[PDB]
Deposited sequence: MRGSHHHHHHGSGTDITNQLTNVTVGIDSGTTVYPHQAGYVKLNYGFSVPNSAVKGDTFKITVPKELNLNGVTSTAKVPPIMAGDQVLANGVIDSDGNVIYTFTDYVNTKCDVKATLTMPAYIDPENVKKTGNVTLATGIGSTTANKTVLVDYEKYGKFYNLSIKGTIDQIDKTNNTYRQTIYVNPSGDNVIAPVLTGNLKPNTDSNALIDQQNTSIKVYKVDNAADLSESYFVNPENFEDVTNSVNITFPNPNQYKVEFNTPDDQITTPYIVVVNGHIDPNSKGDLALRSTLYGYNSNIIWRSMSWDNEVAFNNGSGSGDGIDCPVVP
């Protein structure tokens, strides 16, 4: 079952024949994507007795949102006996295809809730965003503040990280780390990547399982707050740093400059693996060590954990 392979055929889009349409967006006045914040998209509709297997309807989802969040592939929930199975198209919209249930049922009505997440590429910056979703002529709008908040900082050591592209079938994940986003001077900077202490974590961190790329940021303004990163905007300095794997499930990166200090941010993109023989918990700790001008040794660390949500969908009807 792959989201890269779709199937079509007989049937007609009966979106505009949906009766009793209501749409809603459940969220707070503020959404914090990096604190596992999300919204709920709610939908209700009556289906025409006229409907037959293969007829489709379209739920319009805005580019400011995606449905996959921290995982790499979105699963839209089936409306339930299965009334309708759904799929995500190239625009991000959800096309549902009605089953056989509707070939012999009448007065059919349904409900749907889908978790949705602020998309990092389309909402790169903190700020208000009007979210719009709908079905046919019925659109709902909700204007919300998207707040990506702030990196962590202790003395002259700044760091934050994000996790996405969690793929529980190929056993991989991505982690994107901003090192020194404060634009501090740091001397003898060292980054270590670990499992989060005393927490169930199934990351395998080592030279075979963990691909690390390091980008130098010559213009901090180019950094998104969402942690979307396109490597083409920055300088790839992977080959000039020291990357090693000094302890079980730990990596270490020394920036190793000629004057043994950094004055700019660095982005570290970690493409790693999950332990196939496990529940696949992901709890990580990223630690930035460094001296200040006074040569007192300090570290700041950032923890990454994740949450998972499921939508639902129910439908009733009567034998004709």
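Quiz item: What ranges of the deposited sequence are left out of this structure?
Solution: Seq positions lacking coordinates: 1-2, 83-85, 326-329.
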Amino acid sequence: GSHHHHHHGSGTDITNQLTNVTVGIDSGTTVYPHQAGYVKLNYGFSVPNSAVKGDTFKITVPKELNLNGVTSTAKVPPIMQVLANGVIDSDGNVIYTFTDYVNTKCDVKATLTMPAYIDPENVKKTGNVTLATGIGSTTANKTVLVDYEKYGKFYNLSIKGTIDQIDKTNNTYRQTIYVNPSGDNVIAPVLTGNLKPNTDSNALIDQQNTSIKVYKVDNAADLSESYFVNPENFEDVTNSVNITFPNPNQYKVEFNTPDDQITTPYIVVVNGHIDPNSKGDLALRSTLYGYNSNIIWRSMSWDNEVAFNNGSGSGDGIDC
From here on, numbers count along this sequence of modelled residues.
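Self-check item: Stretch with the greater mean C-alpha B-factor as recorded in the entry, comparing 71-79 against 171-179
Solution: For C-alpha atoms only, the mean B-factor is higher in 71-79.
Self-check item: 202-210 versus 99-107 - greater average Cα B-factor per the deposited record
Solution: Per the deposited B-factors, the answer is 99-107.
Exercise. From the list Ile274, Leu41, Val269, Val47, select the residue with the highest C-alpha B factor recorded in the entry.
Key: Going by the entry's C-alpha B-factors, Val47 comes out highest.
Exercise. Compare the CA B factors listed in the entry for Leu284, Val52, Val253, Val61 and report the winner.
Key: In the PDB entry, the greatest C-alpha B-factor among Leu284, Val52, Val253, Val61 is found at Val52.
Exercise. Going by the recorded CA B-factors, say which third of the chain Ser293 sits in, lowest, middle or highest.
Key: For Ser293, the deposited C-alpha B-factor lands in the highest third.
Exercise. Would you mind checking where the Cα B-factor of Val94 ranks among the modelled residues of its chain, as the lowest, middle or highest third?
Key: Its C-alpha B-factor, which the entry lists for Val94, ranks in the middle third among residues of this chain.
Quiz item: Looking at the C-alpha B-factor of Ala307, is it in the lowest, middle or highest third of its chain?
Solution: Its C-alpha B-factor, which the entry lists for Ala307, ranks in the middle third among residues of this chain.
Quiz item: Among the modelled residues of its chain, does the C-alpha B-factor of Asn233 lie in the lowest, middle or highest third?
Solution: Highest third.
Quiz prompt | Ranked against its chain, the third holding the CA B-factor of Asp218 | solution = Ranked within chain, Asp218 CA B lands in the highest tercile.
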